[PDB]
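Okay, so here's the structure we're looking at.
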Amino acid sequence: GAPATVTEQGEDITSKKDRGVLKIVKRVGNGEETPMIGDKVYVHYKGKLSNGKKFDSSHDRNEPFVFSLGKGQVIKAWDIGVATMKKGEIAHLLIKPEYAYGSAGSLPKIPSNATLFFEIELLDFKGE
Ligand SMILES: COc1cc2cc(c1OC)OC[C@@H](C)OC/C=C/[C@H](O)[C@@H](C)OC(=O)[C@@H]1CCCCN1C(=O)[C@H]2C1CCCCC1
């Protein structure tokens with residue numbers, strides 16, 4: 001399924017080239033701008049542990065998810081991944097624990113050493 005497709009076909013968007021954040025563009029967005037640290041960013045997302053054992057979605061809350069890029073509100077993989085996205089883009093990310101919750105995990109939702117999958121739609125972004 002989608003996690004294994006990102007393993008096989010995803011681009012490694014990490015600086016270290018350690019395959020810690022792998023990306024597929026599923027729907028192309030518009031415009032030249034991409035989100036930058038400090039921007040206020042508006043998304044919809046669907047996430048899950050890569051083995052399907054827990055799910056989460058902005059739609060569960062009936063509203064976009066909003067965060068400030070690079071402000072420590074999201075996991076490192078989102079700061080890295082969403083900064084590559086254009087307005088309107090849908091992307092898939094597959095994420096190693098080093099760019100998510102690590103060996104400590106984040107119980108009860110996130111076990112130690114968890115790999116994460118997200119589908120993210122970038123709705124909008126604004127400067128601080
Ligand atoms: C570890 O705790 C949670 C993880 C995740 C979602 C959670 C968590 O409980 C606080 O609740 C959903 C609502 C309440 O919060 C949204 C964003 C939270 C924050 O931005 C942090 C905690 O989340 C993240 O950094 C990432 C990226 C943004 C969207 C949420 N995401 C998660 O890791 C999910 C996670 C995804 C895989 C399945 C389990 C939930």
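Please note that chains go A, B, ... in the order of the structure tokens, that every chain numbers its residues from 1, and that ligands are numbered from 1 in the order shown.
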Identify, on the basis of only C-alpha atoms, every residue whose closest approach to residue A:44 does not exceed 10 Å; exclude the query and any residue fewer than 6 positions from it along the same chain; express the result as a ChimeraX atom specification. /A:57-59,62-66,90,119-123
To test your reading of the structure, identify every residue in stretch 12-89 of chain A that backbone DSSP assigns to strand (DSSP E), and report it as a PyMOL selection string. chain A and resi 12+21-27+40-49+55-57+65-68
Write out as number ranges by chain the residues lying within 8 Å of residue A:47, counting only C-alpha atoms and excluding same-chain residues fewer than 6 positions away. A: 55-57, 116-119
Would you save the residues of that selection, restricted to N, CA, C and O atoms, as a tab-separated table (two decimals), in the first residue's frame?
```tsv
chain	number	residue	atom	x	y	z
A	55	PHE	N	-4.33	5.46	13.61
A	55	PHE	CA	-4.68	6.48	12.63
A	55	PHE	C	-5.02	7.80	13.31
A	55	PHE	O	-5.42	7.79	14.49
A	56	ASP	N	-4.93	8.91	12.56
A	56	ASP	CA	-5.30	10.23	13.06
A	56	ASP	C	-5.50	11.14	11.87
A	56	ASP	O	-4.71	11.13	10.93
A	57	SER	N	-6.48	12.03	11.93
A	57	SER	CA	-6.72	12.93	10.81
A	57	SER	C	-7.27	14.26	11.28
A	57	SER	O	-8.11	14.29	12.17
A	116	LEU	N	6.29	6.43	10.71
A	116	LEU	CA	5.00	7.13	10.53
A	116	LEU	C	4.77	7.40	9.05
A	116	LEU	O	5.73	7.64	8.34
A	117	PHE	N	3.48	7.38	8.64
A	117	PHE	CA	3.05	7.70	7.29
A	117	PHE	C	2.06	8.86	7.43
A	117	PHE	O	1.13	8.82	8.25
A	118	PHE	N	2.19	9.84	6.55
A	118	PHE	CA	1.17	10.86	6.42
A	118	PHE	C	0.88	11.12	4.96
A	118	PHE	O	1.77	11.15	4.11
A	119	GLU	N	-0.39	11.45	4.71
A	119	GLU	CA	-0.85	12.20	3.56
A	119	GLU	C	-1.16	13.60	4.03
A	119	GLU	O	-1.91	13.76	4.98
```
Find the residues near ligand 1. Use a cut-off of 9 Å, count only C-alpha atoms and all ligand atoms, and write them as a VMD selection string. chain A and resid 45 to 50 52 to 58 60 to 61 65 to 67 72 to 78 100 to 101 105 to 110 115 to 118
The selected residues should be written to file as a CSV table (one decimal), in the first residue's frame (atoms: N, CA and C atoms).
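The new file selection02.csv reads:
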```csv
chain,number,residue,atom,x,y,z
A,45,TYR,N,-4.6,16.6,6.9
A,45,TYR,CA,-3.7,15.5,6.9
A,45,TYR,C,-4.5,14.2,7.3
A,46,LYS,N,-3.9,13.1,6.9
A,46,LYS,CA,-4.3,11.7,7.4
A,46,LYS,C,-2.9,11.1,7.8
A,47,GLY,N,-2.8,10.6,9.0
A,47,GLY,CA,-1.5,10.0,9.5
A,47,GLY,C,-1.9,8.6,10.0
A,48,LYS,N,-0.9,7.8,10.1
A,48,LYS,CA,-0.9,6.5,10.8
A,48,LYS,C,0.5,5.9,11.1
A,49,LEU,N,0.6,5.1,12.1
A,49,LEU,CA,1.8,4.3,12.2
A,49,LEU,C,1.9,3.5,10.9
A,50,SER,N,3.1,3.2,10.5
A,50,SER,CA,3.2,2.6,9.1
A,50,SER,C,2.6,1.2,9.1
A,52,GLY,N,-0.3,0.4,10.2
A,52,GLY,CA,-1.7,0.6,10.3
A,52,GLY,C,-2.3,0.4,11.7
A,53,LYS,N,-1.5,0.5,12.8
A,53,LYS,CA,-2.0,0.1,14.1
A,53,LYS,C,-2.7,1.3,14.9
A,54,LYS,N,-2.5,2.5,14.3
A,54,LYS,CA,-3.2,3.7,14.8
A,54,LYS,C,-3.2,4.7,13.7
A,55,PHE,N,-4.3,5.5,13.6
A,55,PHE,CA,-4.7,6.5,12.6
A,55,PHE,C,-5.0,7.8,13.3
A,56,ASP,N,-4.9,8.9,12.6
A,56,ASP,CA,-5.3,10.2,13.1
A,56,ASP,C,-5.5,11.1,11.9
A,57,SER,N,-6.5,12.0,11.9
A,57,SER,CA,-6.7,12.9,10.8
A,57,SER,C,-7.3,14.3,11.3
A,58,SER,N,-6.8,15.4,10.7
A,58,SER,CA,-7.4,16.7,10.9
A,58,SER,C,-8.9,16.6,10.7
A,60,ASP,N,-10.9,14.5,11.7
A,60,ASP,CA,-11.5,14.0,12.9
A,60,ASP,C,-12.0,15.2,13.8
A,61,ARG,N,-11.4,16.4,13.6
A,61,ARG,CA,-11.7,17.6,14.4
A,61,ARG,C,-12.5,18.6,13.6
A,65,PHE,N,-5.7,21.8,10.3
A,65,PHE,CA,-4.6,21.8,11.3
A,65,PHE,C,-3.7,23.0,11.0
A,66,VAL,N,-3.4,23.8,12.0
A,66,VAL,CA,-2.6,24.9,11.8
A,66,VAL,C,-1.4,24.9,12.7
A,67,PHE,N,-0.2,25.2,12.1
A,67,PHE,CA,1.0,25.2,12.9
A,67,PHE,C,2.0,26.2,12.3
A,72,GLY,N,8.8,24.2,16.8
A,72,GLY,CA,8.7,23.0,17.7
A,72,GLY,C,7.3,22.5,18.0
A,73,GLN,N,6.3,22.8,17.1
A,73,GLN,CA,5.0,22.4,17.3
A,73,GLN,C,4.7,21.1,16.7
A,74,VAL,N,5.4,20.7,15.7
A,74,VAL,CA,5.3,19.4,15.0
A,74,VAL,C,6.7,18.7,15.0
A,75,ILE,N,6.6,17.5,14.6
A,75,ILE,CA,7.8,16.7,14.5
A,75,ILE,C,8.7,17.2,13.3
A,76,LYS,N,10.0,16.9,13.5
A,76,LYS,CA,11.0,17.5,12.5
A,76,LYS,C,10.6,17.1,11.1
A,77,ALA,N,10.1,15.9,10.9
A,77,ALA,CA,9.8,15.5,9.5
A,77,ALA,C,8.8,16.4,8.8
A,78,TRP,N,7.9,17.0,9.6
A,78,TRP,CA,6.9,17.9,9.0
A,78,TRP,C,7.5,19.3,8.7
A,100,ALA,N,10.8,11.8,14.0
A,100,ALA,CA,9.5,11.8,14.6
A,100,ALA,C,9.7,11.7,16.1
A,101,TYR,N,9.4,10.5,16.7
A,101,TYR,CA,9.4,10.5,18.2
A,101,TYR,C,10.5,9.6,18.8
A,105,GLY,N,9.8,7.3,22.0
A,105,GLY,CA,8.4,7.3,21.7
A,105,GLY,C,7.6,8.4,22.3
A,106,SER,N,6.2,8.2,22.3
A,106,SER,CA,5.3,9.2,22.8
A,106,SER,C,4.0,8.4,23.2
A,107,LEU,N,4.1,7.6,24.2
A,107,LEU,CA,2.9,6.8,24.6
A,107,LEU,C,1.8,7.7,25.1
A,108,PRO,N,0.5,7.2,25.0
A,108,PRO,CA,0.2,5.9,24.4
A,108,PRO,C,0.1,5.8,22.9
A,109,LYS,N,0.1,6.9,22.2
A,109,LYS,CA,-0.1,6.9,20.8
A,109,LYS,C,1.0,6.4,20.0
A,110,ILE,N,2.3,6.7,20.4
A,110,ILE,CA,3.4,6.4,19.5
A,110,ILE,C,4.4,5.5,20.3
A,115,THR,N,7.9,4.1,12.8
A,115,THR,CA,7.9,4.7,11.5
A,115,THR,C,6.4,5.2,11.3
A,116,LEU,N,6.3,6.4,10.7
A,116,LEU,CA,5.0,7.1,10.5
A,116,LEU,C,4.8,7.4,9.1
A,117,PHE,N,3.5,7.4,8.6
A,117,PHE,CA,3.0,7.7,7.3
A,117,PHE,C,2.1,8.9,7.4
A,118,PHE,N,2.2,9.8,6.5
A,118,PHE,CA,1.2,10.9,6.4
A,118,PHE,C,0.9,11.1,5.0
```
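Comparing A:104, A:114, A:21, A:13 by their smallest distance to residue A:84, the closest is A:13 (using only C-alpha atoms).
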Considering only C-alpha atoms, state which residue in the set A:16, A:42, A:94, A:33 is at the smallest distance from residue A:4. A:94
Measure the distance from atom CA of residue A:6 to atom CA of residue A:30 in Å and round it to one decimal.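 Interatomic distance, atom CA of residue A:6 to atom CA of residue A:30: 22.4 Å.
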Which of these residues is nearest to residue A:82, using only C-alpha atoms: A:10, A:97, A:3, A:35? A:35
Compile the contact shell of residue A:31 as a JSON list (two decimals) with N, CA, C and O atoms, in the first residue's frame: residues with an atom at most 10 Å away, counting only C-alpha atoms, same-chain residues fewer than 4 positions apart removed.
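Just written: result00.json:
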```
[["chain", "number", "residue", "atom", "x", "y", "z"],
["A", 86, "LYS", "N", 4.12, 22.95, -2.28],
["A", 86, "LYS", "CA", 3.43, 24.10, -2.84],
["A", 86, "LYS", "C", 1.97, 24.14, -2.40],
["A", 86, "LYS", "O", 1.37, 23.11, -2.04],
["A", 87, "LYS", "N", 1.37, 25.32, -2.48],
["A", 87, "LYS", "CA", -0.04, 25.51, -2.16],
["A", 87, "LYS", "C", -0.87, 24.58, -3.02],
["A", 87, "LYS", "O", -0.70, 24.61, -4.24],
["A", 88, "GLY", "N", -1.74, 23.75, -2.42],
["A", 88, "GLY", "CA", -2.61, 22.86, -3.17],
["A", 88, "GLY", "C", -2.02, 21.46, -3.36],
["A", 88, "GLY", "O", -2.75, 20.60, -3.85]]
```
Which neighbours of residue A:26 fall inside 8 Å, counting only C-alpha atoms, when residues of the same chain fewer than 3 positions from it are skipped, and could you give them as a ChimeraX atom specification? /A:89-92
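Between residue A:111 and the candidates A:80, A:37, A:27, A:51, the tightest atom-to-atom separation, counting only C-alpha atoms, involves A:51.
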Gap from atom CA of residue A:98 to atom CA of residue A:83 - Å, one decimal: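 That distance, rounded to one decimal, is 18.1 Å.
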Find the residues near residue A:20: any atom within 7 Å, counting only C-alpha atoms, skip ones fewer than 6 places away on the same chain, and give them as a list in words. residues 14, 95, 96, 98 and 99 of chain A
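Across the model, the gap from atom CA of residue A:22 to atom CA of residue A:9 is 8.5 Å.
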